[PDB]
>>> print(open('target-v5.pdb').read())   # PDB, C-alpha atoms
ATOM      1  CA  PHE A 186     -19.770   2.772   5.011
ATOM      2  CA  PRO A 187     -18.896   0.005   7.540
ATOM      3  CA  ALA A 188     -18.737  -3.793   7.461
ATOM      4  CA  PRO A 189     -22.113  -5.576   7.625
ATOM      5  CA  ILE A 190     -23.217  -7.221  10.876
ATOM      6  CA  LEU A 191     -24.776 -10.657  10.504
ATOM      7  CA  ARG A 192     -27.571 -11.140  13.050
ATOM      8  CA  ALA A 193     -29.628 -14.191  13.946
ATOM      9  CA  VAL A 194     -33.285 -13.605  14.811
ATOM     10  CA  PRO A 195     -34.618 -14.540  17.261
ATOM     11  CA  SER A 196     -31.217 -16.085  18.079
ATOM     12  CA  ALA A 197     -28.212 -18.056  16.876
ATOM     13  CA  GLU A 198     -29.610 -20.997  18.864
ATOM     14  CA  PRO A 199     -33.012 -21.869  17.394
ATOM     15  CA  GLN A 200     -34.729 -24.955  18.813
ATOM     16  CA  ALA A 201     -34.833 -27.746  16.214
ATOM     17  CA  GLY A 202     -37.856 -27.368  13.907
ATOM     18  CA  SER A 203     -38.365 -23.688  14.691
ATOM     19  CA  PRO A 204     -37.958 -20.824  12.189
ATOM     20  CA  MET A 205     -35.176 -18.235  12.251
ATOM     21  CA  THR A 206     -33.774 -15.550   9.989
ATOM     22  CA  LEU A 207     -30.241 -14.366   9.285
ATOM     23  CA  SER A 208     -30.069 -10.607   8.674
ATOM     24  CA  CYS A 209     -27.230  -8.871   6.811
ATOM     25  CA  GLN A 210     -27.284  -5.519   8.595
ATOM     26  CA  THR A 211     -25.513  -2.603   6.863
ATOM     27  CA  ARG A 221     -27.394  -0.263  -4.738
ATOM     28  CA  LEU A 222     -26.159  -3.094  -2.489
ATOM     29  CA  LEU A 223     -26.903  -6.770  -3.158
ATOM     30  CA  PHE A 224     -26.646  -9.402  -0.408
ATOM     31  CA  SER A 225     -25.278 -12.917  -0.435
ATOM     32  CA  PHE A 226     -24.995 -15.424   2.399
ATOM     33  CA  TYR A 227     -22.326 -18.099   3.016
ATOM     34  CA  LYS A 228     -22.209 -21.173   5.197
ATOM     35  CA  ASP A 229     -18.877 -22.848   5.986
ATOM     36  CA  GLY A 230     -17.372 -21.532   2.784
ATOM     37  CA  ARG A 231     -20.202 -22.187   0.333
ATOM     38  CA  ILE A 232     -22.986 -19.909  -0.918
ATOM     39  CA  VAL A 233     -26.435 -20.602   0.583
ATOM     40  CA  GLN A 234     -28.145 -17.622  -1.049
ATOM     41  CA  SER A 235     -26.713 -15.858  -4.108
ATOM     42  CA  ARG A 236     -26.666 -12.066  -4.587
ATOM     43  CA  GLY A 237     -30.086 -10.482  -4.260
ATOM     44  CA  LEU A 238     -32.101  -7.478  -3.076
ATOM     45  CA  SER A 239     -33.109  -9.187   0.174
ATOM     46  CA  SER A 240     -30.879  -8.695   3.191
ATOM     47  CA  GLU A 241     -32.522 -11.713   4.885
ATOM     48  CA  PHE A 242     -31.755 -15.439   4.678
ATOM     49  CA  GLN A 243     -34.770 -17.449   5.912
ATOM     50  CA  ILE A 244     -34.500 -20.829   7.658
ATOM     51  CA  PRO A 245     -38.170 -21.703   8.178
ATOM     52  CA  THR A 246     -37.447 -25.075   9.806
ATOM     53  CA  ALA A 247     -34.156 -25.357  11.719
ATOM     54  CA  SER A 248     -32.567 -28.807  11.595
ATOM     55  CA  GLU A 249     -29.138 -30.281  12.301
ATOM     56  CA  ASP A 250     -27.807 -29.499   8.807
ATOM     57  CA  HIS A 251     -28.341 -25.772   9.491
ATOM     58  CA  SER A 252     -25.769 -25.626  12.313
ATOM     59  CA  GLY A 253     -22.491 -24.068  11.191
ATOM     60  CA  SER A 254     -20.483 -20.918  10.497
ATOM     61  CA  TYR A 255     -22.291 -18.307   8.367
ATOM     62  CA  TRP A 256     -21.360 -14.938   6.952
ATOM     63  CA  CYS A 257     -22.965 -12.404   4.602
ATOM     64  CA  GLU A 258     -21.748 -10.123   1.849
ATOM     65  CA  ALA A 259     -22.945  -6.673   0.799
ATOM     66  CA  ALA A 260     -21.780  -5.544  -2.631
ATOM     67  CA  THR A 261     -22.830  -3.627  -5.731
ATOM     68  CA  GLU A 262     -23.110  -5.518  -9.033
ATOM     69  CA  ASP A 263     -19.683  -4.457 -10.290
ATOM     70  CA  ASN A 264     -18.001  -4.799  -6.869
ATOM     71  CA  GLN A 265     -17.167  -1.088  -6.660
ATOM     72  CA  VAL A 266     -18.453  -1.644  -3.132
ATOM     73  CA  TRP A 267     -17.741  -4.998  -1.505
ATOM     74  CA  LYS A 268     -17.765  -5.880   2.189
ATOM     75  CA  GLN A 269     -18.288  -9.036   4.259
ATOM     76  CA  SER A 270     -19.435  -9.598   7.862
ATOM     77  CA  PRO A 271     -17.660 -11.325  10.746
ATOM     78  CA  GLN A 272     -18.757 -14.972  10.916
ATOM     79  CA  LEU A 273     -21.723 -16.028  13.062
ATOM     80  CA  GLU A 274     -22.110 -19.544  14.422
ATOM     81  CA  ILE A 275     -25.560 -21.071  14.404
ATOM     82  CA  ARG A 276     -26.121 -23.920  16.894
ATOM     83  CA  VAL A 277     -29.461 -25.642  16.441
ATOM     84  CA  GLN A 278     -30.568 -26.899  19.870
ATOM     85  CA  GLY A 279     -31.483 -30.586  20.179
TER      86      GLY A 279
END
>>> encode(input="target-v5.pdb", output="structure tokens")
Amino acid sequence: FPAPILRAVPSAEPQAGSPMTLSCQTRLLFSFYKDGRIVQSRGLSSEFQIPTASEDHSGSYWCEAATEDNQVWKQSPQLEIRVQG
């Protein structure tokens, strides 16, 4: 059971104002981090939605897949988001 891959869809470079989703690709619960702080706490969903990309969304993100009691616990490599414009 390998480390999650964090993917940006459609890309890590959304145009400003456009929607994108972060996907934690891997019972596991998923959390998402930006620049050290949680942006979505543990949950069923392996997706972190950003429906309107703006400057504050640019940064270094990573995700975490883990069971409730942390018997299983793994994080992804970081992924930089660069909102364009």
>>> closest_residue(input="target-v5.pdb", among="A:244, A:223, A:190, A:238", to="residue 275 of chain A", atoms="only C-alpha atoms")
A:244
>>> residues_around(input="target-v5.pdb", residues="residue 232 of chain A", least_positions_apart="5", cutoff="12 Å", atoms="all atoms listed in the file", output="ChimeraX atom specification")
/A:224-227,242,254-258
>>> resolve_selection(input="target-v5.pdb", expression="the PyMOL selection byres ((chain A and resi 200) around 9)", output="NGL selection string")
:A and (198-199 or 201-204 or 247-248 or 276-279)
>>> closest_residue(input="target-v5.pdb", among="A:265, A:210, A:253, A:195", to="residue 239 of chain A", atoms="all atoms listed in the file")
A:210
>>> closest_residue(input="target-v5.pdb", among="A:268, A:259, A:222, A:243", to="residue 193 of chain A", atoms="all atoms listed in the file")
A:243
>>> resolve_selection(input="target-v5.pdb", expression="the PyMOL selection byres ((chain A and resi 194) around 7)", output="ChimeraX atom specification")
/A:192-193,195-196,205-207
>>> write_last_selection(input="target-v5.pdb", atoms="C-alpha atoms", output="PDB file, in the coordinates of the input")
ATOM      1  CA  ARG A 192     -27.571 -11.140  13.050  1.00  0.00           C
ATOM      2  CA  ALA A 193     -29.628 -14.191  13.946  1.00  0.00           C
ATOM      3  CA  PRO A 195     -34.618 -14.540  17.261  1.00  0.00           C
ATOM      4  CA  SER A 196     -31.217 -16.085  18.079  1.00  0.00           C
ATOM      5  CA  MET A 205     -35.176 -18.235  12.251  1.00  0.00           C
ATOM      6  CA  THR A 206     -33.774 -15.550   9.989  1.00  0.00           C
ATOM      7  CA  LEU A 207     -30.241 -14.366   9.285  1.00  0.00           C
TER       8      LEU A 207
END
>>> atom_distance(input="target-v5.pdb", atom1="atom CA of residue 267 of chain A", atom2="atom CA of residue 250 of chain A")
28.4 Å
>>> axis_aligned_box(input="target-v5.pdb", around="segment 261-269 of chain A", padding_each_side="4 Å", output="AutoDock Vina command-line options")
--center_x -20.1 --center_y -5.1 --center_z -3.0 --size_x 13.9 --size_y 15.9 --size_z 22.5
>>> closest_residue(input="target-v5.pdb", among="A:228, A:266, A:234, A:273", to="residue 187 of chain A", atoms="all atoms listed in the file")
A:266
>>> atom_distance(input="target-v5.pdb", atom1="atom CA of residue 272 of chain A", atom2="atom CA of residue 211 of chain A")
14.7 Å
>>> atom_distance(input="target-v5.pdb", atom1="atom CA of residue 274 of chain A", atom2="atom CA of residue 237 of chain A")
22.2 Å
>>> closest_residue(input="target-v5.pdb", among="A:236, A:264, A:245, A:191", to="residue 209 of chain A", atoms="all atoms listed in the file")
A:191
>>> build_atoms(input="target-v5.pdb", residues="segment 236-254 of chain A", atoms="N, CA and C atoms", output="mmCIF file, keeping the file's coordinate frame")
data_model
loop_
_atom_site.group_PDB
_atom_site.id
_atom_site.type_symbol
_atom_site.label_atom_id
_atom_site.label_comp_id
_atom_site.auth_asym_id
_atom_site.auth_seq_id
_atom_site.Cartn_x
_atom_site.Cartn_y
_atom_site.Cartn_z
ATOM 1 N N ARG A 236 -26.389 -13.507 -4.642
ATOM 2 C CA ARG A 236 -26.666 -12.066 -4.587
ATOM 3 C C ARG A 236 -28.109 -11.736 -4.902
ATOM 4 N N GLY A 237 -28.715 -10.906 -4.053
ATOM 5 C CA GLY A 237 -30.086 -10.482 -4.260
ATOM 6 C C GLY A 237 -30.428 -9.221 -3.487
ATOM 7 N N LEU A 238 -31.596 -8.649 -3.787
ATOM 8 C CA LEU A 238 -32.101 -7.478 -3.076
ATOM 9 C C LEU A 238 -32.266 -7.732 -1.585
ATOM 10 N N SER A 239 -32.764 -8.914 -1.227
ATOM 11 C CA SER A 239 -33.109 -9.187 0.174
ATOM 12 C C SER A 239 -31.890 -9.251 1.070
ATOM 13 N N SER A 240 -31.969 -8.610 2.233
ATOM 14 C CA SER A 240 -30.879 -8.695 3.191
ATOM 15 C C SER A 240 -31.185 -9.771 4.245
ATOM 16 N N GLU A 241 -32.124 -10.667 3.940
ATOM 17 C CA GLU A 241 -32.522 -11.713 4.885
ATOM 18 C C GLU A 241 -32.305 -13.086 4.263
ATOM 19 N N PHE A 242 -31.847 -14.038 5.077
ATOM 20 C CA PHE A 242 -31.755 -15.439 4.678
ATOM 21 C C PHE A 242 -32.639 -16.265 5.609
ATOM 22 N N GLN A 243 -33.787 -16.716 5.103
ATOM 23 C CA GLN A 243 -34.770 -17.449 5.912
ATOM 24 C C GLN A 243 -34.415 -18.928 6.138
ATOM 25 N N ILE A 244 -34.556 -19.397 7.372
ATOM 26 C CA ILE A 244 -34.500 -20.829 7.658
ATOM 27 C C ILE A 244 -35.789 -21.197 8.384
ATOM 28 N N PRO A 245 -36.823 -21.581 7.615
ATOM 29 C CA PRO A 245 -38.170 -21.703 8.178
ATOM 30 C C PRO A 245 -38.280 -22.901 9.110
ATOM 31 N N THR A 246 -37.444 -23.913 8.914
ATOM 32 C CA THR A 246 -37.447 -25.075 9.806
ATOM 33 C C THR A 246 -36.013 -25.475 10.130
ATOM 34 N N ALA A 247 -35.528 -25.052 11.296
ATOM 35 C CA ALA A 247 -34.156 -25.357 11.719
ATOM 36 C C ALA A 247 -33.948 -26.838 12.019
ATOM 37 N N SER A 248 -32.926 -27.409 11.400
ATOM 38 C CA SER A 248 -32.567 -28.807 11.595
ATOM 39 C C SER A 248 -31.061 -28.899 11.739
ATOM 40 N N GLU A 249 -30.563 -30.100 12.017
ATOM 41 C CA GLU A 249 -29.138 -30.281 12.301
ATOM 42 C C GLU A 249 -28.231 -29.765 11.190
ATOM 43 N N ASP A 250 -28.628 -29.956 9.936
ATOM 44 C CA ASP A 250 -27.807 -29.499 8.807
ATOM 45 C C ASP A 250 -27.623 -27.974 8.743
ATOM 46 N N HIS A 251 -28.429 -27.230 9.499
ATOM 47 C CA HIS A 251 -28.341 -25.772 9.491
ATOM 48 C C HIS A 251 -27.285 -25.226 10.455
ATOM 49 N N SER A 252 -26.835 -26.050 11.403
ATOM 50 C CA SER A 252 -25.769 -25.626 12.313
ATOM 51 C C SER A 252 -24.483 -25.382 11.525
ATOM 52 N N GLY A 253 -23.733 -24.349 11.886
ATOM 53 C CA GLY A 253 -22.491 -24.068 11.191
ATOM 54 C C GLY A 253 -22.082 -22.618 11.274
ATOM 55 N N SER A 254 -21.009 -22.281 10.553
ATOM 56 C CA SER A 254 -20.483 -20.918 10.497
ATOM 57 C C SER A 254 -20.997 -20.191 9.245
#
